[PDB]
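One structure below.
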Amino acid sequence: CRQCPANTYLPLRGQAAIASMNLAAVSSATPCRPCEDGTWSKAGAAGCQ
Amino acid sequence: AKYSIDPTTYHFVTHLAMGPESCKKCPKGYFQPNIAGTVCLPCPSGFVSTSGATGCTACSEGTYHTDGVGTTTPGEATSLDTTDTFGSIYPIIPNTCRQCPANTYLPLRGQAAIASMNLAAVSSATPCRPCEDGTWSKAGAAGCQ
Amino acid sequence: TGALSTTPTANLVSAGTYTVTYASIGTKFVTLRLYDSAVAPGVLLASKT
Amino acid sequence: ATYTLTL
């Protein structure tokens, strides 16, 4: 399990990094969310503050 | 630029949401349920969106969630919809369902392809199963025959 | 294509027959797509719309 | 690997 860095948050449990089999075309990303404006988060957190 | 031109507004004001055109819609792969919608929400693993979406649709059984470049008519976000309208805040993330090949099967719905952030160290794979011995599967299936 | 390099190369429609007459009025999404090899499918390197 | 394009 990996913690995506500050200023995002995963409320739901057990979502994995969606992959890409041909990288030079579609770059893989992580399934954590921009932490809507007005709120911050300190590295791994369940809810943005 | 000249301090002799009618100012639109104050000086600290950098950007403004002038008119309904500012309300651009999310690219494929991100859903925006709320009404404020200050930032679009990347659809979670497995679930797949369509254009500006309100809710992510779960990927069907016998399918996972990786890129769809090999397949025909993938629902991938276009470069126009992200680079031109937003920029670099919303890159193109994979959005489609892929069928696992013959002799493997997916019983559960919405398990995406686990990724790896370094490729030369650990390779990424697909979360479908060896299809217990004495059984086969005809390409994308939910139960091995 | 040839060479390419950092400098942009006057390419694509020089004296070609890529001009298309449309039928319906509206917004049309033209799509350039680059491939490494000349066989189907090959490897899509980039795709600007 | 990197390719800038215009159109």
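Candidate cross-link partners of B:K24 among the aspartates and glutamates, defined by an alpha-carbon separation under 12 Å and a same-chain spacing of 8 or more, comprise B:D81, B:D84. The stretch B:1-126 gives an Rg/Rh value of 1.15, both radii derived from C-alpha positions and Rh following Kirkwood. Measuring max minus min along each principal axis, the C-alpha atoms of chain A give extents of 37, 21, 14 Å (largest first). For a quick check of your reading of the filter: which chymotrypsin sites (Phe, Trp or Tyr not before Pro) in the stretch B:1-85 sit in a DSSP loop and have no more than 12 other Cβ atoms within 10 Å? Those that pass, being in a loop and sparsely packed, are B:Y3, B:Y10, B:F12. Between B:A102, B:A120, B:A58, the Gaussian network model of chain B with springs among Cα atoms under 10 angstrom shows the greatest mean-square fluctuation at B:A120.
Placing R0 at 35 angstrom, the Cβ-Cβ distance between C:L45 and A:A46 gives a FRET efficiency of 0.35 after rounding to 0.05.
Inter-label distance, B:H15 to A:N7: 1.2 nm, where each label sits 7 Å from its Cα along the C-beta direction.
Under 1.5 on a/c is rounded, so check that first for the protein assembly as shown, then, if it is not, pick prolate when a/b is larger than b/c and oblate when it is not; a ≥ b ≥ c are the square roots of the alpha carbon gyration tensor eigenvalues. Mind showing how you got there, number by number?
On the way: a/c = 1.99, a/b = 1.22, b/c = 1.64.
Because a/c hits 1.5 or more and a/b fails to exceed b/c, the protein assembly as shown counts as oblate.
All Cβ positions, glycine included, derive from the backbone under ideal geometry; neighbour counts span all protein chains shown. Every number in this text was worked out from the coordinates using simple rules, so none of it is lab data.
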